[PDB]
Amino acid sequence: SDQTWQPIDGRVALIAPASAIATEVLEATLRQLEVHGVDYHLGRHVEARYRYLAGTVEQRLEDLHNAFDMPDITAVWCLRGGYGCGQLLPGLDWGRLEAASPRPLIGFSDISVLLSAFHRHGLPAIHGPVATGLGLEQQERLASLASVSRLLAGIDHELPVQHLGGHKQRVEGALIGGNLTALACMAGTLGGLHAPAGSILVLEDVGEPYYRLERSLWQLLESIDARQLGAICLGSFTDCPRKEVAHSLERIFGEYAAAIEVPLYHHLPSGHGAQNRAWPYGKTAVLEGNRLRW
């Protein structure tokens, strides 16, 4: 059953590399982790505030590095996205991270920037709910949160997806992407999306008018070797007001996919709505039939 958590072996490091956390949401999160018998390590600066950021870059870097020093940690679950994790990229000690035993980094939204950087450096990661999702359709939300422990245990390996137009085909490549806006906002920097040839580019977003999505897509595709992608795979675009625009969002995305001669898929249950099922970031997967399979 998909609301059922798997035990998480070892300990989960909780860090806040992006936006600041409300105290009551943090405590509610920890109580839910305890319900589920999850042993955790709370980063020492998770309650820090520096404007809307979870502390200074230096504070966030200390917590992320500490998460990689402890030997019993088997996963690093980001508490909140929002904005700010790209700021850490010029300070990360990548060598200290490759040397630690495997511990997938977990999150979505702004955390997409760190997922991509991790993939570039050969480190495991998971695109899924941030841990404060625990402390906030309700059935779908609960299945999404449960999906993290289930993926860490290796017991889920597929999601449903639909091919939009085109023709029947099989696409195999690395799973990359996440939040369109966050990733576009790293183009031209050291944190630009890692997009090896053949990759399946997953995109989702929230809270944007269509012209801002198009602008972001144009930038992202112009900044990578787009024509060498295997596929573009849309998750959800939630709370994105159409405002009388003549073309649907799928028409716009379809025009871009056609321009680069890459197939377009959609309805992956991934993003900012109730459906946000975890998927392994940077692994080889296959688009076949009605699913994405790893």
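Note that residue numbering begins at 1 and tracks the sequence as displayed.
Engineer: Pick one of none, 1 to 3, 4 to 9 or 10 or more for the number of deposited-sequence residues not modelled between residue 136 and residue 137.
Structural biologist: The entry has a gap there, with 4 to 9 residues left out between residue 136 and residue 137.
Engineer: With reference to the PDB entry, specify whether the mean Cα temperature factor is higher for 143 to 151 or for 207 to 215.
Structural biologist: The stretch with the larger average C-alpha B-factor is 143 to 151.
Engineer: Which is higher in the entry, the mean Cα B factor of 94 to 102 or that of 195 to 203?
Structural biologist: Between 195 to 203 and 94 to 102, it is 94 to 102.
Engineer: Comparing recorded Cα B-factors across 61, 260, 234, 67, which one is largest?
Structural biologist: Comparing C-alpha B-factors across 61, 260, 234, 67, the top value belongs to 260.
Engineer: Could you say which of 278, 12, 16, 274 has its CA atom at the highest B factor, as listed in the PDB entry?
Structural biologist: Highest C-alpha B-factor among the listed options: 274.
Engineer: Please place residue 110 in the lowest, middle or highest third of its chain by C-alpha B factor as given in the entry.
Structural biologist: Ranked within chain, residue 110 CA B lands in the lowest tercile.
Engineer: When the modelled residues of the chain are sorted by Cα temperature factor, does residue 169 land in the lowest, middle or highest third?
Structural biologist: Tercile = highest for this residue's CA B-factor.
Engineer: Check where residue 161 lands among this chain's C-alpha B-factors and tell me if it's the lowest, middle or highest third.
Structural biologist: For residue 161, whose C-alpha B-factor we compare with every modelled residue in the chain, the answer is the highest third.
Engineer: Please say which third, lowest, middle or highest, residue 55 falls into when its CA temperature factor is compared across its chain.
Structural biologist: Within its chain, residue 55 is a lowest-third residue by C-alpha B-factor, going by the deposited values.
Engineer: Quick check for you: using the entry's CA B-factors within this chain, is residue 71 in the lowest, middle or highest third?
Structural biologist: As the PDB entry reports it, the C-alpha B-factor of residue 71 lands in the highest third of its chain.
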